[PDB]
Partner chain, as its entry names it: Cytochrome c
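One chain comes next, on its own, written out as structure tokens in the form solved without its partner chain.
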């Protein structure tokens, strides 16, 4: 353990406090950190993941990043108050806090990420997964990130919390009945419901027959269609502890892609 130069105890507490005043914020912090890592290509070794390069054009304007200005701006306050933290570390830390606050795992945090200085390091568009595409696309994107199928499914389970917004993705609604709880219920809703066409959302999405108030994207239900992905959907649906543990491991790996010289924070 190595004590960071910013007051991490106070800062964790401030993040929890922000999240408690604005509930919809917790999940967006997770989506922020994920999208900042998802630009990586492990074959080309570029894309500048975990560097807060999304603060810059062109990356901030990519369609996949629509709406992430909100968590970005919410975190600005905290950057002013703890100027020693890099934006990159801040985004990651916020998401870790978000996850634990919502009843998810406690991910061991490493600090020391260097912020991108300008948009020239940004990778191309077309790196973020598209909700309308299915398993061959999802596998292509995650293999480009460096993940196997197991880590892929665990990661997508973050859809346990939060919701889609028409104004951001063009999709509408939450995946689960408690969008502020972090657990395996994304995998439970995925197997236990009958997913029918939602006939009134312009961008094709499914709804649960039982209530019609839950949704799934084509990229979510593709996990059931692909026999390798389905395997891990079943794994996590039937064992919440295993999902907690695999998610924590995959998320930490993810928010550590393309980083170097990090220090272990105290718990």
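Residue numbers count along the first chain shown, from 1.
Below: the form solved in complex with its partner chain, not depicted.
Visitor: Please tell me which of 72, 179, 127, 79 lies within 4.5 Å of its partner chain in the bound PDB entry, judged by heavy atoms.
Guide: If I apply the 4.5 Å criterion carefully, the residue I get is 179.
Visitor: Its partner chain isn't shown here, but in the bound PDB entry which of 112, 146, 174, 123 has a heavy atom within 4.5 Å of it?
Guide: Exactly one residue meets the criterion: 174.
Visitor: Want to guess which of 147-155, 86-94, 102-110, 115-123 is within 4.5 Å of its partner chain in the bound PDB entry, heavy atoms only?
Guide: Comparing against its partner chain in the bound PDB entry, the contact stretch is 102-110.
Visitor: Applying a 4.5 Å heavy atom distance criterion, does residue 10 contact its partner chain in the bound PDB entry?
Guide: Heavy-atom contact with its partner chain at 4.5 Å: absent for residue 10.
Visitor: Do residue 256 and its partner chain come within 4.5 Å of each other in the bound PDB entry, heavy atoms counted?
Guide: No, residue 256 is distant from the partner.
Visitor: Though only this chain appears here, would residue 14 touch its partner chain in the bound PDB entry if you measure heavy atom gaps against 4.5 Å?
Guide: Residue-level check for residue 14: no, no contact with its partner chain.
Visitor: In the bound PDB entry, does each residue in the set 18, 36 and 169 place a non-hydrogen atom within 4.5 angstroms of its partner chain?
Guide: No, none of the three is in contact.
Visitor: Any residue of 198-220 with a heavy atom within 4.5 Å of its partner chain in the bound PDB entry counts; write them all down in order.
Guide: Contacts from 198-220: just 211.
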